[PDB]
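One letter stands for each residue in the lines below.
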Amino acid sequence: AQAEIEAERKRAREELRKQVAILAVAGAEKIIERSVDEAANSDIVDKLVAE
Amino acid sequence: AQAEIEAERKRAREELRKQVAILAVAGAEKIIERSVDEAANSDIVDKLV
Amino acid sequence: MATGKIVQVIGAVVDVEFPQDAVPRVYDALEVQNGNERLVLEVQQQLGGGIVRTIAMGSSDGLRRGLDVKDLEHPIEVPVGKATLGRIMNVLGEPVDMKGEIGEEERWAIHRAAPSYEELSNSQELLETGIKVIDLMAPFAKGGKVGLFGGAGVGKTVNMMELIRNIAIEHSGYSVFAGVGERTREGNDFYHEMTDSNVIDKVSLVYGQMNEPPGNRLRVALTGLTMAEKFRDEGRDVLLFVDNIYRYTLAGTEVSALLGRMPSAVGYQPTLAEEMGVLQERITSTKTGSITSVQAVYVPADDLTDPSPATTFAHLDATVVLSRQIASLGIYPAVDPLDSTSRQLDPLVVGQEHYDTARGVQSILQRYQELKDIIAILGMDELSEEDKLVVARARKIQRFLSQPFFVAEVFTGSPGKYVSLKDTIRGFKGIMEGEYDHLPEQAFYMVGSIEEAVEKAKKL
Amino acid sequence: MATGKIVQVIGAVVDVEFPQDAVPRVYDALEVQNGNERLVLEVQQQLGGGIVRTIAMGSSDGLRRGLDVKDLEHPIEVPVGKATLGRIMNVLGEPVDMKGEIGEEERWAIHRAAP
Amino acid sequence: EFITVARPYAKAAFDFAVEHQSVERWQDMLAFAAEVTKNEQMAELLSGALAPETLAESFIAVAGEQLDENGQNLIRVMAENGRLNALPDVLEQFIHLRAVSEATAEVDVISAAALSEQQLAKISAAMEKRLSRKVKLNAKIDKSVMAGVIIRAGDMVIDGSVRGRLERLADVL
Amino acid sequence: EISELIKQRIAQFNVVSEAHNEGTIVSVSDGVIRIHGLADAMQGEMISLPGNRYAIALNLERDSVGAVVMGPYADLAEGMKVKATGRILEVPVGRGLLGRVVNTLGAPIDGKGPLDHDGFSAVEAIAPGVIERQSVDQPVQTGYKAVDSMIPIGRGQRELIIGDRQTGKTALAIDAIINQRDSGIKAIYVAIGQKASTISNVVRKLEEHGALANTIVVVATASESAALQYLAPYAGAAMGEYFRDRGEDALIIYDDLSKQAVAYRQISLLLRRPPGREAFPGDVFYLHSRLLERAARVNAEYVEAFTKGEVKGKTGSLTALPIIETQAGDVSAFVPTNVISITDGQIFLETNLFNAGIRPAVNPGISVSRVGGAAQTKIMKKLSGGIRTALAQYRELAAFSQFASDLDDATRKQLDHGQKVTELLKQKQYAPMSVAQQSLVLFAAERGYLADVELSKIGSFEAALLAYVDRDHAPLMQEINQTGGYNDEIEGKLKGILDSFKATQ
Amino acid sequence: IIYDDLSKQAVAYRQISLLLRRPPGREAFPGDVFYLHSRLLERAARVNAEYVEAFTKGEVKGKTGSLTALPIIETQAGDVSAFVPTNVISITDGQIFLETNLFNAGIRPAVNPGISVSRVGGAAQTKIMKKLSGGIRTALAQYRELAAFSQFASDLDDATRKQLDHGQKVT
Amino acid sequence: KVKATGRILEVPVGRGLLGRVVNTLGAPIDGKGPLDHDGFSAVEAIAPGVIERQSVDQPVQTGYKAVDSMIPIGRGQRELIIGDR
Amino acid sequence: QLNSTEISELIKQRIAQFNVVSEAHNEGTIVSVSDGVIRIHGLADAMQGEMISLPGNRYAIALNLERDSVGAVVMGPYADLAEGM
Ligand SMILES: Nc1ncnc2c1ncn2[C@@H]1O[C@H](COP(=O)(O)OP(=O)(O)OP(=O)(O)O)[C@@H](O)[C@H]1O
Ligand SMILES: Nc1ncnc2c1ncn2[C@@H]1O[C@H](COP(=O)(O)OP(=O)(O)O)[C@@H](O)[C@H]1O
Ligand SMILES: [Mg+2]
Ligand SMILES: [Mg+2]
C-alpha cells in the first residue's frame, strides 16, 4: 500500500509539471513573437549560416 | 495518503505558479541567446493567471 | 459551402475528390443530398492526391458522379445521456420510434480509444441467475463479459431474453440494448415486451437491422458502446446486451474487398482481429464505473473453428457454448457443459463445494461420452456394472440440466422456473452422491429444485 | 567497377537495374556492400528494361534504395576438393567454423547440368 | 499515380534531348504539352474511346507547332499507351533529370522576413560547400517562422526556425 | 522542488540546426502510410511521424516507401512531413527494467515513472553461430511433477506448449515463471494480443503468489496496432538476449505465437505481398525460425569475447517456451507444423483430459523432449525412468480396465499401479513443488509404498507426506534441493522416511 | 409468396458481378449476396393498422396487412456449410429440412424434425393445434434418440418400449 | 447512342394480375391478353421499420400434417424450405 | 499501372522511326527471361506454333502472339539467355 501511494505521488507531480511546462513555453512563444529585432534575427542567422 | 497527496499538490500548485513566471522570461531569451527586452515584460503576467 | 465531388460509385463504396488542401481525415463524416434524402458518408481511406474512399450510411441508389459533398469536420456524433432512455435510434442516433426529437444535452463521437492499462478494475462479484446449468458451469461476475455461442436456432435469443428478465429487473442501473443485424420482427417484439413490462424507462435501444446497407450494420455496435460508455463515465453500473457480434465482422467482410484489401484465409478481411479487438477492448469495467455485457455470437455452419468465433473466444470471461446436438435431442437450454466454462469457476472465488460439484459433473459427463459409440456398436450388455451405474447417473445429471423458462413458455406450454444457486448445488451433489439414484430420469427432466424433483417423482 | 543500382527492396526480394548491354544471366551472383558487410544476391528473373529480380543470400536489413551493385560473371562458386574435409561451411562456401581460411585450389559453380 | 509510366517516356525524351542538344527546347515543349492536357475539352477527347491511330491524328493535328522527331511521336506513343495524363509528371521528371546532370540544386529558404543579401549570399556559398552543386535559392516569407530560416534542398532540410526550437523545448519538458 | 528541474531541462537543450531527409505522406489507410521521398530510407529504419509516433519502413518500392504506424494512426493525413532517423529499431535493455511492465517500444505502461535501463539493443539481431553454441545439460525445474518427471526442460532448450483453448497453457507458463523466484534464472513474459484485463489479472497473481521482481512483462494488447504485436516477441527476445550475452541464464515465454503470425499476416496483406498457404506470407517460417533460434546456450569463449573480459568462466543461456493454440486439435495446420519443426520437444496439452479433471492435462507419448535426460538432475533422472514405462503400460491396459476383470494378477497389478501413478501426477494450480518434494513423491510411487494405498486418499497421502517430511527431515530436503544427488545412502534414507510415514495417518 | 430458387438467383447475381469485374469472395460469390437476400426477405412482414391507414390515406381502417414468404434452397449432398445456404439460414425465421434418406425410406413428406424449427412457433397456430402439437414435437425427437440407442438390446424396459412403439406410430 | 431516362424500374401491379403468367418486366406470356393493373410500383423499395411492424399471431395453413403440427407458419413469417434435389 | 513491355531504348527507336517496318520482320530481340518462359519483341512475320531459333542451337516455340510481343517456351537450357539477343 505504500508503493501504490508512491505511484500516485509520481503521477500527480508529473501532471502538474507538464501543465507548468506548457504554460512556460506558450509564454516564451509570446515573448519571442514580441521581443525581437532585425539585428537579433541576423545575430541568430549568423550562427546558422556558419553551417 | 491519497487525500494527503491531493492537498500537497494543492500547496505546490501555488508555489509553481510563482516559479513559472520566472521560467518564461528565462527560456525565451535562452532560445535566442540574446537577452530579451526588459520593456517587453508587458503581457507576461497574462501567462501568470 | 460544398467542397468535394463524387468520382466513383461502385456498389456501397463512394469515392470523393477534394482540393489537395483540407482533405478530410479518416473516420470523418461527409454529407450529400441524395435527391431529397440527406445521405451521410464515412471516410475510410485517404488514397491518392485529394481523393478519399468512403462508405454510405444509407442506400447508395440515386447517386450521380459529380454530386457536391460537404465535409463535416468531425466523426459521426451521437446523443448520449438520460435523453436516450426509452428511445429507439438508428446508427446515426436519429429517432426511429416516432416520438419526436431526442432532446439530448450532449453528443459524443462513436470512435474513441479504449481505457489505459492502469484504469482497469478487478472484480469477482458473482451474479446469480435462475439458470441451473449456467450458474453451475459458468458463473459470471458483475463487470464481466459473457458470450453465448451457437449456430442457427440453438436458443441464443431465448437465452438472452431470459437473462434480460432475470438480471436486468433486479439491476437498478440503466441498460443498453444494441441490436446489431437483428431481425426487424424480433426488435419490435422486444420493444413491445419492455413497453408492457414497464422496464422500458431504464433501457436505451439502438437498432440496425438486416435490411440496412453495410455501413449501418458496421457502425451500429459503436453507437451502443458510446452510450454505455457515457453511463459508465457518469459512474453507473450498466448492462450492455449485444445481439450479434458476428454481423459486425460480416458487415466488415462485405465491404472489405471493395475497399481494395487483399482477401484473407476464409475470405475474411485481413483486419478481422484488429477490428474485433478495437471494439471489444472498449467493453470494460474501469475504476470509475462498470459495464456488464452479454453478447450472442453466431457460429457459421456450427463449426467453432471458423476464424470469427475462434478469435472472439479469447476476449470473454465466461463462454456458454450452446450446441445443436443437445437442441436436436430436445434438451433446453442446449448448453454443452463440457465446452462451456468461466474464469470465475475457481475454488477460491466460488464456494469450494460448488467447485467440487462442478468437477464431479464434468468428469461424469466426459466419462459418458466415450462410452456412447461403444454402446451403439457393441451394446449395453457388454458394459460392466460400475459403468452401467455411471451411465445411469450421467443420464440423470444430463436431464437435471434442463429447465423451463418464463420466456420459453409460449413454445412449450408450461410455467417458468427460477432456481437459486444453492439449490442447484444441493441437487447436483445429491444426484452424484446417489441420494436420488432410485428416481427415474423423467423425475429430473424439466424441473426446478430437487424438492420439485421428489414432488414430481411422487406424482410419477 | 560496379555497374548496377538497387531499385526496390521488398523483404528478401531485391530488384537491381543495369545498362541494357550488361544485364546478368539468370543465375549470376551479385554483391552489395550493405553496411560494412558484403551481401550476395542471386538473380532469379530478368524483367524487362534491364531490371533483374534477385533473392538476398543473407540479411536484407539496412539496404538503401540507391546502393551500387557489382555484377560477378559467374554463379555462386564454392571451394571444392580435399581441403574441405573436416570443415563446416555456409552456402557460399565460407567457413562458419573458426579454424581459418580453406586452402582450396579450385572453386566450382554450384549450378550445372546432370551427367 | 502516373510517375511510374512517366519515367520510361521522360527518360527516353531526356536521353534523347542530349543526343540533339536541345534540352532547353524540349523542356518548354513538355510544359506546353502539360498545359494543353489540363484543358477541359482535351481531357474529354482523351477519355473519349477513339482508336489510338485516329485519336493520335486528332491530337497531333491540334499540336502541330512541334518538330517531327519531338511532338508527333512522343505524343503518339504515349497516346497508344494512354499515358497522356502523365504529362505533368513527365515534365517534372524531365526537369529533375536535367538538374541532376547539370549538378544543380533548387534550394529553398524560408523565413519570417527578407534576408540581407549578405546572409543570403553566405547561405548560397555554404550550401554549395555542404552540397556539391550550384545552388539556386528561392525564399518564402512565412510568418510562422518568426525568426531564423528553413533551408530545404530537395529531399533534405535544415530547420533554423525559432518555432521548431520552441516546440522541441516544449517536448524536452 | 519542481521547477528548478524544469529550469535544468531548459539548460539541457540544443539551439543549432541539423540536417536529415524528409518525406511526405501520400496515403493513409488501415494503419499503413505511403511516403513519397526519403531517397535515404533503408529497410527496417524508423521514420519519425509528427506526434512522436514511429513508423517502420517495410516496403521500399521504386517511387514510394510503405511504412507501418506503431500507434494510433487515424489522425495522420496526406501532406504531413515525416523525418528519417537513421535508426534500425532499438529498445531499452538492462536490470533497471527488471520488474516492470512495458510495451513493444519499451515505454513503461506501469505508471511508475521512467526506466533506468543501462542502454539499448537492436530488436533484430542474428543468432549465435554454430561454433559459438554449447550443449544443454542443466535443468530448468518447472515445479509440475508431470513435466519435470517426464518432459524435462534444460537451460537453452526451446519447448513448445501446444494445445487447444482453455486447457492451461498460460497457467503452466506462469507457474514456470513463479518457480524461478529463487533460481538465478531471470524470467520474461510476452503477452501478444492478450486482452488487457487478463494481463492485469496475471500480473497481480505474479506479485501476490511470489515475485514479479524477477520478471519483465512485455505487453501488446489486442487494441494495439499489428506492427506492435508482430514485433513484440522480438523486443522481448532482445531483452532476454541481454542476459544471455552477459553470462546469466534466462527464461522467456512467448504467449500465442499464433497471434504474432496473425499480426504478420495482416501487415503482409495490407502491404500487398503475395499470399501463401493460408494467406500467410511466404516467409512466415522465417519469422518464427529467426525468432526461436535466438534461444540458445552459449559457451564461455563467446561470453568472454562479448563482454570483453569481465566474466571469464560463465556460460549464459536463454530458455524459450513458445505457446501455440491449435483449433480443434489440428496439428497439421501451417503455423503449428512450422513451430513443431522449429522447436525441440513439445508439451502437448490434450483437452479431454482437462475436461476430465486431470489437470495439468499433459499427454505423454505425443509429448516428448528431444534434449533427453541430460537436462534432468540425477535424482529426478533415476526416479523417473519407470514412470514413463508405467504410463505406457497403462495406456494399453486402460482399454481392458473399462469393461473387464479377472485378468492375470501380473496385468492386474500393472493396470492398477498405472491408474494410481496417473492419479499421483496431478496438482493444484499455484502450488509449485521443489525437486526434493517431487523426488520423494516419485520414490513413493516407484518403490511401491502406494501399492497398498491405491485408493482415492492419494491426494491426502501426498499432502500428509510433504508436511511430515518438512516437519521431521528438512536437512535432507536442503541437501537434495542443493545437490539433486542420489546414492545408496540417500536411497536408504528415503526408505527410512517412507517406512516411518506409513505408521502415521 | 414463394421464391422458387433463391439459389439460382444467387448464381445469376454472381454471373453479373464477375462479368462486371467486381472482386470475388468465398466460392466466387460477391460479398453483397447476404445483402441481396436480406434486403429481399425482410420485405416480407406484417404491418400494424396505423401503417395501413397511413398508406391508404384513410381508405382502409382496422386492418393489418401481411406478406408471407417461402424461399427454397438446394444444398449439394446436404452440405449446409456452403455460402448461400449459410446466408439464407441466417436470415430466415425457421427451416424445413427435406432429406434424401427419409424420402427413399418412404417418409414422404420427408421432413426431419429436430433439425427443422419455427421461431414463431405456437403463436402461429389455432388453440387446438397448439395443444395437440406440443406433445408431438418432443415425442419424435426423443424417439429417434431411443431408436438409435437401443438397436441391439433384444429385450427392453417397457417404459422405453412404450415410447419406441409410440414413435413408430407417429412417424 | 444511349439516353438516360431518369426513372428506376417499375412493374405493373394490381388485382388484375391474379391468374396471369407474367415475365419479370410485367409482360404477359400466357397470351390471354393485356393486364389490368392498378398503376405501377417500384421494384426496389425499402421495408417497413421496427415501429411499423406488428407481431405474428395468425396461421397460414399448409395442409400437410408434419409441417402444420411440428413447424407452424404464420402470416408474416419467412420459412425456408431446404434440402437436396 | 503496369509497363506493358515497352522500354526506353525501344521507345527511342520508335521516336527515331515512327514506323517500325524498317527492321526485317524475320528477327526480334528477347525482352524478358523468366523461369523458361521467354518474351520476344518484334517478329511481325511469326505465326503461332513456329520454331523460333535462339542463339546457340536452341529453339523456342511461339505460343502467344500478342499485340507487341511474342511469348515462347524455350526447349532446353534457358539460363544462358539475356536481354537483347
Ligand atoms: N492445475 C489446475 N487445476 C485446476 N484448474 C486449473 C489448473 N490449471 C489451470 N486451471 C484452470 O483452467 C482454466 C484455463 O487455464 P488457462 O487460461 O491457462 O488455459 P489456456 O489454455 O491458457 O486458455 P486460453 O488458451 O484461452 O488462454 C483456468 O480457469 C484455470 O484456472
Ligand atoms: N428454452 C427453450 N424452450 C423452448 N423452445 C426453445 C428454447 N430455446 C430455443 N427454443 C426453440 O428454438 C428456436 C430458435 O432459437 P432462438 O433463440 O429463437 O434463435 P437463435 O437460437 O438462432 O437465436 C426458438 O425460437 C424456439 O423455437
Ligand atoms: Mg438469434
Ligand atoms: Mg488460457
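- If you check the header, you'll see the entry was determined by cryo-EM and the resolution is listed as 3.7 Å.

Some details on the overall build of chain A
Then, in step 1: Along the backbone of chain A there are two helices and zero strands.
Then, in step 2: Against the 2.2 N^0.38 benchmark of 10 Å for 51 residues, chain A shows a C-alpha radius of gyration of 20 Å, more extended than a compact globule.
Then, in step 3: Out of the 51 residues belonging to chain A, those deemed buried represent 41%.
Then, in step 4: For chain A, the accessible surface area stands at approximately 3000 Å², while carbon and sulfur atoms represent 52% of it.

What about the site of ligand 2?
Then, in step 1: As a matter of local geometry, ligand 2 sits amid 14 residues, with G153, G155, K156 and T157 of chain C together with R119 of chain G nearest to it.
Then, in step 2: More than one chain reaches ligand 2: the nearby residues come from chains C and G.
Then, in step 3: At 2.8 Å, a backbone N or O of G153 of chain C approaches an oxygen atom of ligand 2.
Then, in step 4: The contact in question runs from an oxygen atom of ligand 2 to an N or O atom on the backbone of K156 of chain C, over 2.8 Å.
Then, in step 5: In isolation ligand 2 has 540 Å² of accessible area, and contact with the protein removes 92% of it.
Then, in step 6: Here the shell around ligand 2 is built from residues that sort into seven nonpolar, five polar and two charged.
Then, in step 7: Domain assignment of the residues forming the shell around ligand 2 places at least three in each of domain 2 (78-342) and domain 3 (352-458) of chain C.

Structural notes on the side chain of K195 of chain F
Then, in step 1: Within the secondary structure, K195 of chain F sits in the loop between β13 (186-192) and α4 (196-208).
Then, in step 2: The residues contacting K195 of chain F, other than those within four sequence positions of it, are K145, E281, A314, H315, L316 and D317 of chain C.

A short note on the interface of chain H and chain G
Then, in step 1: The partner chain G presents 53 residues to the 35 residues of chain H that form the contact.
Then, in step 2: If you sort the residues of chain H by the area they bury against chain G, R78, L80 and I82 of chain H come out on top, with a joint share of 21%.
Then, in step 3: Taken together, the connections running from chain H to chain G amount to four salt bridges.
Then, in step 4: Across the pair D57 of chain H and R46 of chain G runs a salt bridge whose closest N-O atoms are separated by 2.6 Å.
Then, in step 5: Our count for the contact surface shared by chain H and chain G stands at 31 residue pairs in polar contact.
Then, in step 6: Looking at the side of chain H that touches chain G, its residues break down into 17 nonpolar, eight polar and 10 charged.
Then, in step 7: Pairing analysis gives five bridges linking strand β4 (residues 94-98) of chain G to strand β3 (residues 79-83) of chain H, with the strands arranged parallel. Considered in β3 of chain H, the bridge of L98 of chain G is made with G83 of chain H.

Quick look at helix α3 (residues 184-197) of chain C
Residue and element names in this part refer to chain C.
Then, in step 1: Helix length check: α3, at 14 residues, gives a terminal C-alpha distance of 20 Å against a target of 20 Å (1.5 Å per residue), a fit within 8%.
Then, in step 2: Turning to α3, its buried residues are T184, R185, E186, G187, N188, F190, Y191 and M194.
Then, in step 3: Contact partners of the buried residues in α3: β8 (88-89), α2 (156-170), β11 (175-182) and β12 (203-209).
Then, in step 4: Looking one or two residues beyond α3, the residue adopting positive phi is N198, at roughly 70°.

Brief notes about the arrangement of the chains
Then, in step 1: The protein chains that touch form 14 pairs of chains, and the pair with the most contacts between them is chains G and H.
Then, in step 2: Separated in space, chain C and chain D share no contact, their closest pair of C-alpha atoms being 17 Å apart.

A word on a nonpolar patch on the surface
Then, in step 1: Residues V45, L48 and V49 of chain B make up a contiguous nonpolar surface patch of roughly 320 Å² in combined accessible area.
Then, in step 2: On the secondary structure map, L48 of chain B appears in helix α2 (residues 45-48).

Quick word on a negative patch on the surface
Then, in step 1: On the surface, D37, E38 and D43 of chain A together with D37 and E38 of chain B cluster together into a negatively charged patch.
Then, in step 2: Examined against the element boundaries, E38 of chain B turns out to sit in the loop between α1 (2-30) and α2.
Then, in step 3: For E38 of chain B, a relative accessible area of 59% gives the class exposed.

Description of the interface of chain E and chain F
Then, in step 1: Between chain E and chain F, the contact holds 16 residues from the first and 20 residues from the second.
Then, in step 2: The junction of chain E with chain F conceals about 1500 Å² of combined surface from both sides, 55% of it contributed by carbon and sulfur atoms.
Then, in step 3: If you sort the residues of chain E by the area they bury against chain F, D155, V157 and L173 of chain E come out on top, with a joint share of 32%.
Then, in step 4: For the pair chain E and chain F, the interface holds one salt bridge.
Then, in step 5: The tally of links between chain E and chain F comes to eight residue pairs in polar contact.
Then, in step 6: For the side of chain E that touches chain F, the elements supplying multiple residues, two or more each, are α1 (3-17), β6 (156-159) and α8 (162-172) of chain E.
Then, in step 7: The greatest single-element share of the side of chain E that touches chain F, amounting to five residues, is contributed by α8 of chain E.

Observations concerning the sheet that holds strand β3 (residues 72-74) of chain G
Then, in step 1: A sheet is described by the order of its strands in space; here four strands give the open sequence β3(G)-β3(H)-β4(G)-β5(G), paired in mixed fashion. Two strands bound the open sheet, and with one partner strand each, they are β3 and β5 (117-118) of chain G.
Then, in step 2: When β4 of chain G meets β5 of chain G, the two strands line up antiparallel, connected through two bridges. Directly across from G94 of chain G, in β5 of chain G, lies its bridge partner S118 of chain G.
Then, in step 3: Here helix α4 (residues 83-91) of chain G sits on the sheet and contacts β3 and β4 of chain G together with β3 of chain H; the angle it forms with β3 of chain H, its principal contact strand, is near 150°.

Overview of the packing of helix α14 (residues 435-446) of chain F against helix α15 (residues 458-472) of chain F
Between two packed helices, both the angle of their axes relative to each other and the distance between the axes serve to describe the pair.
All names here are of chain F.
Then, in step 1: Contact pair α14 / α15: the axes reach a minimum separation of 11 Å and the direction vectors enclose 125°. Considering their axes alone, α14 and α15 lie oblique with respect to each other. Like other packed secondary-structure pairs, α14 and α15 cross with a definite hand, here right-handed. When α14 is examined against α15, the residues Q437, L440, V441 and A444 are found in contact with a partner set consisting of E462, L465, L466 and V469.
Then, in step 2: In terms of residue class, the contact of α14 with α15 is built from six nonpolar, one polar and one charged.

A word on the site of ligand 1
Then, in step 1: Around ligand 1 sit 15 residues, and of these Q166, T167, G168, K169 and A171 of chain F come closest.
Then, in step 2: In this structure ligand 1 sits where residues from chains C and F come together.
Then, in step 3: Between ligand 1 and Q166 of chain F there is a distance of 2.9 Å, counted from an oxygen atom to a backbone nitrogen or oxygen.
Then, in step 4: Interatomic distance of 2.4 Å between a side-chain N/O atom of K169 of chain F and an oxygen atom of ligand 1.
Then, in step 5: Within the complex, the protein chains bury 82% of what would otherwise be the 630 Å² of accessible surface of ligand 1.
Then, in step 6: Counted by class, the shell around ligand 1 contains three nonpolar, six polar and six charged residues.

Observations regarding the pattern of salt bridges
All names here are of chain F.
Then, in step 1: Taken as a whole and judged by the stated rule, the model has 87 salt bridges over all chains.
Then, in step 2: Put simply, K502 and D452 hold a salt bridge, and the shortest N to O gap is 3.0 Å. Taken together, the positions of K502 in helix α17 (residues 488-503) and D452 in the loop between α14 and α15 put the pair 50 residues apart, joining distant regions of the chain.
Then, in step 3: On the accessibility criterion, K502 (29% relative accessible area) is partly exposed.

Remarks on the pairing of β11 of chain C
Residue and element names in this part refer to chain C.
Then, in step 1: Taken across its eight residues, β11 has eight buried, putting it largely inside the fold.
Then, in step 2: The pairing of β11 with β12 spans seven bridges and is parallel. Counterpart to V176 in the pairing with β12 is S204.
Then, in step 3: In this view, the connection linking β11 to its parallel neighbour β12 by way of α3 has right-handed handedness.
Then, in step 4: Two strands pair when backbone bridges link them, and β11 and strand β13 (residues 237-242) are joined in this way by four bridges, in the parallel orientation. From the neighbouring strand, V176 faces β13, where its bridge partner is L240.

Focus on the packing of aromatic side chains
Then, in step 1: Applying the stated criterion across every chain yields a total of 19 aromatic pairs over all chains.
Then, in step 2: Seen in terms of ring centroids, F400 of chain C and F428 of chain C are 4.8 Å apart; in terms of plane orientation they differ by 65°. Their pairing is edge-to-face. In this pair, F400 of chain C is assigned in helix α10 (residues 385-400) and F428 of chain C in helix α11 (residues 421-432), connecting sequence segments 28 residues apart. Both residues of the pair, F400 of chain C and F428 of chain C, belong to the buried class.
Then, in step 3: Relative to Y449 of chain F, the ring of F443 of chain F has its centre 6.0 Å away and its plane inclined at 25°; by these criteria the two rings are stacked.
Then, in step 4: The ring of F149 of chain G carries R395 of chain C above its face, with NZ or CZ at 4.1 Å from the centroid.

Basis of the calculations
- Residues numbered from 1 in each chain as written, not as in the entry; some residues may be left out.
- Chains lettered and ligands numbered in written order.
- Part of a larger assembly, values for the part shown.
- Heavy atoms only, no water.
- Residues with missing side-chain atoms left out of burial classes, pairs and counts.
- Helix = DSSP H or I, 4+ residues; strand = E, 2+ residues; numbered from the N terminus.
- Rg over C-alpha atoms; globule rule 2.2 N^0.38 Å.
- Buried < 20%, exposed > 50% of the residue type's maximum accessible area, 1.4 Å probe, protein only.
- Areas by Shrake-Rupley, 256 points an atom, 1.4 Å probe, with all protein chains shown as cover.
- Near = heavy atom within 4 Å.
- Polar contact = N/O pair within 3.5 Å; in protein donor to acceptor, adjacent residues only side chain to side chain.
- Nonpolar A, V, L, I, M, F, W, Y, C, P; charged D, E, K, R; others polar.
- Domains from an automatic or database assignment.
- Contact = heavy atoms within 4.5 Å.
- Buried area = accessible area lost by both parts, 1.4 Å probe.
- Salt bridge = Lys/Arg side-chain N within 4 Å of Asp/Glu carboxyl O.
- Pairing = 2+ DSSP bridges.
- Expected span 1.5 Å × (residues − 1).
- Patch = residues over 30% accessible without salt bridge, like charges linked within 9 Å, V, L, I, M, F, W, Y side chains within 5 Å.
- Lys, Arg positive; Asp, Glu negative; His and termini not counted.
- Charge placed at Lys NZ, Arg CZ, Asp CG, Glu CD.
- Axes fitted to C-alpha atoms, helices over the stretch in contact; angles between N-to-C directions.
- Parallel < 35°, antiparallel > 145°, perpendicular 65-115°, else oblique.
- Left-handed = near helix turned anticlockwise from the far one by under 90°.
- Right-handed = clockwise from strand over helix to strand, strands pointing away.
- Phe/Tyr/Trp six-rings, centres within 6.5 Å; stacked < 30°, edge-to-face > 60°.
- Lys NZ or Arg CZ within 6 Å of the ring centre and 35° of its normal.

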